[PDB]
Amino acid sequence: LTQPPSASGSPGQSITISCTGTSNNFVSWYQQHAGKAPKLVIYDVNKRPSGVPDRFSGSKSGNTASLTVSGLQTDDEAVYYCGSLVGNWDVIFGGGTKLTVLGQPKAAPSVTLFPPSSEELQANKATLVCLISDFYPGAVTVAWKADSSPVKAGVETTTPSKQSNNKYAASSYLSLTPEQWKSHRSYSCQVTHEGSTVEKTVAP
Amino acid sequence: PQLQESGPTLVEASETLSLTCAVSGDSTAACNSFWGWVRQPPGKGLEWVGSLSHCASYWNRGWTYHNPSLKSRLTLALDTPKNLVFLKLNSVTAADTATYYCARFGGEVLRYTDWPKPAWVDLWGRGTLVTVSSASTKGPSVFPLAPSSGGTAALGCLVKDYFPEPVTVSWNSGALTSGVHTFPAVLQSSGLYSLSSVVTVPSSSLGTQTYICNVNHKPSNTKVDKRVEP
Amino acid sequence: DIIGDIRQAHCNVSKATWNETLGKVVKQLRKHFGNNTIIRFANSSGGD
Ligand SMILES: *[C@@H]1O[C@H](CO)[C@@H](O[C@@H]2O[C@H](CO)[C@@H](O[C@@H]3O[C@H](CO[C@H]4O[C@H](CO[C@H]5O[C@H](CO)[C@@H](O)[C@H](O)[C@@H]5O[C@H]5O[C@H](CO)[C@@H](O)[C@H](O)[C@@H]5O)[C@@H](O)[C@H](O[C@H]5O[C@H](CO)[C@@H](O)[C@H](O)[C@@H]5O)[C@@H]4O)[C@@H](O)[C@H](O[C@H]4O[C@H](CO)[C@@H](O)[C@H](O)[C@@H]4O[C@H]4O[C@H](CO)[C@@H](O)[C@H](O)[C@@H]4O[C@H]4O[C@H](CO)[C@@H](O)[C@H](O)[C@@H]4O)[C@@H]3O)[C@H](O)[C@H]2NC(C)=O)[C@H](O)[C@H]1NC(C)=O
Ligand SMILES: *[C@@H]1O[C@H](CO)[C@@H](O[C@@H]2O[C@H](CO)[C@@H](O[C@@H]3O[C@H](CO[C@H]4O[C@H](CO[C@H]5O[C@H](CO)[C@@H](O)[C@H](O)[C@@H]5O)[C@@H](O)[C@H](O[C@H]5O[C@H](CO)[C@@H](O)[C@H](O)[C@@H]5O)[C@@H]4O)[C@@H](O)[C@H](O[C@H]4O[C@H](CO)[C@@H](O)[C@H](O)[C@@H]4O[C@H]4O[C@H](CO)[C@@H](O)[C@H](O)[C@@H]4O[C@H]4O[C@H](CO)[C@@H](O)[C@H](O)[C@@H]4O)[C@@H]3O)[C@H](O)[C@H]2NC(C)=O)[C@H](O)[C@H]1NC(C)=O
Ligand SMILES: *[C@@H]1O[C@H](CO)[C@@H](O[C@@H]2O[C@H](CO)[C@@H](O[C@@H]3O[C@H](CO)[C@@H](O)[C@H](O[C@H]4O[C@H](CO)[C@@H](O)[C@H](O)[C@@H]4O[C@H]4O[C@H](CO)[C@@H](O)[C@H](O)[C@@H]4O)[C@@H]3O)[C@H](O)[C@H]2NC(C)=O)[C@H](O)[C@H]1NC(C)=O
Ligand SMILES: *[C@@H]1O[C@H](CO)[C@@H](O[C@@H]2O[C@H](CO)[C@@H](O[C@@H]3O[C@H](CO)[C@@H](O)[C@H](O)[C@@H]3O)[C@H](O)[C@H]2NC(C)=O)[C@H](O)[C@H]1NC(C)=O
Ligand SMILES: *[C@@H]1O[C@H](CO)[C@@H](O[C@@H]2O[C@H](CO)[C@@H](O[C@@H]3O[C@H](CO)[C@@H](O)[C@H](O)[C@@H]3O)[C@H](O)[C@H]2NC(C)=O)[C@H](O)[C@H]1NC(C)=O
Ligand SMILES: *[C@@H]1O[C@H](CO)[C@@H](O[C@@H]2O[C@H](CO)[C@@H](O)[C@H](O)[C@H]2NC(C)=O)[C@H](O)[C@H]1NC(C)=O
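Listed in order, the protein sequences are those of chains A, B and C.
Numbering-wise (the numbering used here), the first sequence opens with residue 23 and increments by one.
Numbering-wise (the numbering used here), the second sequence opens with residue 8 and increments by one.
Numbering-wise (the numbering used here), the third sequence opens with residue 2 and increments by one.
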């Protein structure tokens with residue numbers, strides 16, 4: 023199932039997140055708070071469970087299923103997954119949609135890229151680390167490039183985490199061989215935040 | 008209704024992972040729901056494992072559903088009298104490292120047509136984290152990060168492969184507070200851990216005045232200080 | 002309450018075995034009703 027990567031909204035506004043790949047009505051959505059267990063907020067499309075506010079409503083049109091949250095509040099900030107039965111008895115889950123109801127104000131990320139050290143190359147290892155911080159919302163995708171062509175190998179990216187200043191921060195780790203590091207002069211790291219991207223480059 | 012997971016939190020590679028769920032407030036004999044597991048890899052999406060039920064029909068002694076990919080390496084079991092759920096994973100790799108949740112499956116279970124159709128997990132458990140590693144406790148490899156903006160640059164200390172958590176890194180043994188930052192750990196494809204730190208200092212301070220980070224790791228018994236120069 | 006398949010009671014008969022029997026039986030009726038004639042089967046007429 024294809025679920026949108028991110029979603030944002032202000033308190034009181036209504037957000038509608040979609041899901042596709044559902045040909046049946048067995049669609050269900052879940053809410054998982056960071057560092058906690060997932061909780062089922064809806065089942066059998068529109069139907070609501072016990073202790074769940076009316077503002078949560080499921081909907082399915084054609085092959086597309088949709089969840090709608092009106093009257094946003096602090097406790098609505100979490101990751102939302104959708105799932106449905108397929109075929110005979112198997113069930114699958116989407117990638118999930120991260121919805122954030124954090125306080126203002128929005129801000130561009132900040133990238134600091136560090137090339138491998140002199141002591142590290144001597145261990146026959148090469149690792150580049152992109153440090154992204156001070157961004158809103160707390161969901162950012164990171165991309166790597168070596169010269170002009172992109173790098174699809176050695177990419178390790180982790181979910182961002184809130185800081186003391188309430189701004190999110192994340193770090194992506196690229197581990198490669200020293201041979202391809204010295205061969206290719208410059209290494210670019212692309213950081214995409216809400217459409218706009220921030221880039222950094224390092225060369226030995 | 009409460010689901011309590013129990014078992015080894017640390018398992019070696021290629022071995023057999025075993026986990027047991029203890030249900031409270033409900034009977035496994037009940038035909039209203041299916042019982043199984045759902046695993047969620049760190050910082051990743053939800054993946055279905057499988058579920059079964061002894062409530063059968065005329066041609067079978069029960070029903071058991073396996074995830075097509077995980078089918079070969081898993082075995083599902085239910086204890087009806089003792090009200091317990093079991094999960095056994097053969098030949099486990101570091102790719103199977105995840106937070107395992109005890110799951111109760113709802114759907115067309117109490118009144119179905121042909122085969123039973125479970126579609127959603129109504130009741131979850133707290134879940135536990137199982138990390139699969141082919142190695143033992145490891146000391147972190149410490150390398151300095153040399154800086155070059157905006158009147159004040161940033162430098163840090165690199166913490167490479169180690170296991171298990173945590174690691175505490177202080178700058179000059181807690182000498183600086185304002186303008187000090189530390190990033191969370193990262194799980195490597197080799198089952199290990201890695202993280203880093205960063206601090207912002209003026210360019211005028213560059214000179215005989217240098218910066219040294221204090222690394223501390225209890226399990227691997229590692230205390231390492233390294234001076235940083237550009 | 003009924004817990005299981007939602008269905009009406011059903012009776013199975015193997016198409017091959019009933020037919021084979023029918024073909025042997027229909028030939029025996031022609032030892033009386035004549036060697037050549039049309040024999041048609043139909044369900045119950047009506048009653049209790
Ligand atoms: C009077 O006469 C009547 C006949 O006129 C007679 O009716 C017949 O009754 C018998 C039983 O009484 C029926 O036989 C049973 O049929 C069951 C259902 O069979 C259907 O479904 C399966 C599965 O299909 C899915 O999976 C395969 C493989 O992945 C795919 O290829 C399919 O496309 C489909 O995939 C979808 O679903 C997946 C899972 O959700 C998804 O992942 C996927 O993405 C898709 O969405 C088909 O294989 C069957 O096809 C066969 O029949 C058609 C008929 O047209 C043929 O054309 C075709 O070529 C095939 O031959 C059919 O569509 C069977 O499941 C059942 O077999 C199970 O039980 C026996 C018990 O001994 C086991 O030995 C066997 O291994 C099976 O066990 C599995 O399934 C059970 C649940 O059924 C589980 O409990 C069990 O643990 C095991 O599960 C494992 O495997 C699963 C995959 O199979 C997997 O999903 C699980 O996760 C798990 O790992 C048995 O054969 C027969 O169909 C009736 N026929 C008719 C016409 O009605 C009636 O009984 C008579 N009356 C009386 C009183 O006698
Ligand atoms: C139709 O629907 C009905 C439901 O309406 C379905 O009926 C269910 O069917 C399942 C499957 O058989 C049953 O599970 C079996 O349970 C028995 C024990 O049953 C007794 O205890 C149950 C639990 O009682 C507790 O909970 C209740 C509720 O909270 C509580 O009130 C109570 O005080 C107590 O605390 C009772 O529910 C149960 O009552 C039932 O029976 C009564 C009559 O006895 C009846 O009056 C009731 O109304 C009710 O129907 C009863 O008191 C387990 O022993 C059994 O486990 C064996 O059997 C299954 C297959 O059936 C098999 O898969 C298992 O592996 C296991 O087989 C091994 O162990 C046997 C000995 O234990 C041994 O003989 C076997 O050879 C085998 O041993 C071999 O293999 C193992 C590995 O497998 C190996 O280790 C050994 O060494 C050896 O090699 C079942 O799990 C349900 O109880 C039953 N009822 C309900 C309500 O669910 C039915 O399935 C549907 N379909 C059809 C076609 O009918
Ligand atoms: C009324 O009900 C009765 C009872 O159910 C029906 O009579 C039964 O009919 C079935 C099928 O017509 C028949 O089942 C076969 O019996 C064989 C022995 O006689 C079995 O060998 C065979 O099992 C194989 O096939 C199964 C399904 O494909 C597999 O699940 C099973 O594992 C077997 O496969 C093995 O063997 C092959 C080689 O052949 C091997 O390669 C495999 O590795 C594996 O080892 C069937 O089960 C029953 O025997 C019949 N029962 C009786 C008492 O006669 C009757 O047809 C029903 N009537 C109506 C009208 O519906
Ligand atoms: C109704 O009864 C007739 C017989 O009067 C059945 O015809 C039979 O049809 C089957 C094929 O479905 C024949 O089997 C065949 O056998 C030959 C020889 O081994 C082989 O070459 C074929 O590939 C096939 O297997 C069967 O022989 C034939 N009967 C006779 C007596 O020849 C018919 O099947 C019955 N109705 C139904 C439900 O089919
Ligand atoms: C045996 O098979 C016959 C053949 O199907 C069954 O006869 C059917 O009986 C129903 C009544 O229950 C008929 O419905 C009627 O249709 C006519 C025409 O539309 C309408 O005028 C009536 O008001 C009624 O709706 C049905 O037509 C009839 N089948 C045929 C082919 O005419 C009979 O019921 C079967 N016996 C048993 C015991 O099941
Ligand atoms: C048949 O009808 C009865 C009511 O006359 C149903 O029993 C009720 O079931 C509901 C569950 O939805 C309970 O909340 C009620 O307390 C039950 N009432 C009584 C008097 O038992 C029964 O469920 C219906 N048939 C079934 C079992 O499906």
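Yeah, the Cβ is synthetic: ideal placement off N, Cα and C, and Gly gets one too.
Among the candidates the options, whose CA atom is the shortest distance from the CA of residue i?
i: residue 8 of chain C; options: B:212, B:53, B:64; result: B:64
i: residue 164 of chain B; options: B:192, B:234, B:184; result: B:234
i: residue 156 of chain B; options: B:103, B:229, B:47, B:211; result: B:211
i: residue 75 of chain A; options: A:206, A:87, A:91, A:202; result: A:91
i: residue 129 of chain B; options: A:63, A:55, A:39, A:33; result: A:63
i: residue 134 of chain A; options: A:226, A:68, A:36, A:222; result: A:222
i: residue 196 of chain B; options: A:28, A:175, A:49; result: A:175
i: residue 48 of chain B; options: B:36, B:12, B:108, B:62; result: B:108
i: residue 167 of chain A; options: A:26, A:69, A:224, A:81; result: A:224
i: residue 80 of chain A; options: A:169, A:106, A:99, A:58; result: A:106
i: residue 15 of chain B; options: B:135, B:39, B:92, B:154; result: B:135
i: residue 215 of chain B; options: B:203, B:237, B:224, B:194; result: B:237
i: residue 53 of chain B; options: A:69, A:102, A:39, A:73; result: A:102
i: residue 18 of chain B; options: B:87, B:90, B:99, B:79; result: B:99
Counting only the same chain and skipping the five closest in sequence on each side, list residues whose C-beta sits under 8 Å from that of residue i.
i: residue 73 of chain B; result: 57, 81, 83
i: residue 95 of chain A; result: 33, 123
i: residue 198 of chain B; result: 20, 101, 104, 138, 139, 140, 141, 142, 170
i: residue 189 of chain A; result: 129, 155, 156, 157, 158
i: residue 127 of chain B; result: 112, 113, 114
i: residue 82 of chain A; result: 44, 47, 49, 67, 88
How many angstroms separate the CA atom of residue i from the CA atom of residue j?
i: residue 55 of chain B; j: residue 45 of chain B; result: 5 Å
i: residue 77 of chain A; j: residue 42 of chain A; result: 22 Å
i: residue 173 of chain A; j: residue 196 of chain A; result: 9 Å
i: residue 170 of chain B; j: residue 232 of chain B; result: 19 Å
i: residue 167 of chain B; j: residue 144 of chain B; result: 14 Å
i: residue 66 of chain A; j: residue 118 of chain A; result: 18 Å
i: residue 172 of chain B; j: residue 226 of chain B; result: 8 Å
i: residue 115 of chain A; j: residue 4 of chain C; result: 29 Å
i: residue 13 of chain A; j: residue 159 of chain A; result: Beyond the ends of chain A as shown, which are 23 and 226, falls residue 13 of chain A; an answer cannot be given.
i: residue 141 of chain A; j: residue 217 of chain A; result: 37 Å
i: residue 77 of chain B; j: residue 104 of chain A; result: 21 Å
i: residue 200 of chain A; j: residue 175 of chain B; result: 29 Å
i: residue 54 of chain A; j: residue 133 of chain B; result: 12 Å
i: residue 36 of chain A; j: residue 28 of chain A; result: 15 Å
i: residue 108 of chain A; j: residue 46 of chain A; result: 7 Å
i: residue 41 of chain C; j: residue 68 of chain B; result: 44 Å
i: residue 137 of chain A; j: residue 226 of chain A; result: 8 Å
i: residue 106 of chain B; j: residue 50 of chain B; result: 10 Å
Check the C-beta distance from residue i over to residue j and give it rounded, since I have them as a contact under 8 Å.
i: residue 61 of chain A; j: residue 131 of chain B; result: 7 Å
i: residue 8 of chain B; j: residue 32 of chain B; result: 4 Å
i: residue 206 of chain B; j: residue 178 of chain B; result: 5 Å
i: residue 94 of chain B; j: residue 59 of chain B; result: 11 Å between Cβ atoms; not a contact.
i: residue 100 of chain A; j: residue 49 of chain A; result: Contact flag wrong, Cβ pair sits at about 19 Å.
Closer than 6 Å by C-beta to residue i: which residues in its own chain qualify, once you throw out the five before and the five after it? Chain order, please.
i: residue 126 of chain A; result: none
i: residue 214 of chain A; result: 163
i: residue 23 of chain B; result: 97
i: residue 220 of chain A; result: 131, 133, 213
i: residue 30 of chain A; result: 122, 159
Going along the chain, which residues of its own chain have a beta-carbon closer than 7 Å to the beta-carbon of residue i, five neighbours each way excluded?
i: residue 124 of chain B; result: 114, 115
i: residue 240 of chain B; result: For chain B, the structure presents residues 8 to 237; residue 240 of chain B sits outside this window and is missing.
**Request:** Decide if the stretch 174 to 192 of chain A is in contact with the stretch 23 to 33 of chain B; the criterion is three or more beta carbon pairs, one per stretch, under 8 Å apart.
**Result:** They do not touch, by the three-pair rule.
**Message:** Using 8 Å as the cut-off, can you tell me whether the stretch 184 to 196 of chain A makes contact with the stretch 143 to 154 of chain A, which would need three or more C-beta pairs spanning the two stretches below that distance?
**Reply:** The answer is yes - the stretch 143 to 154 of chain A touches the stretch 184 to 196 of chain A, with three or more Cβ pairs under 8 Å.
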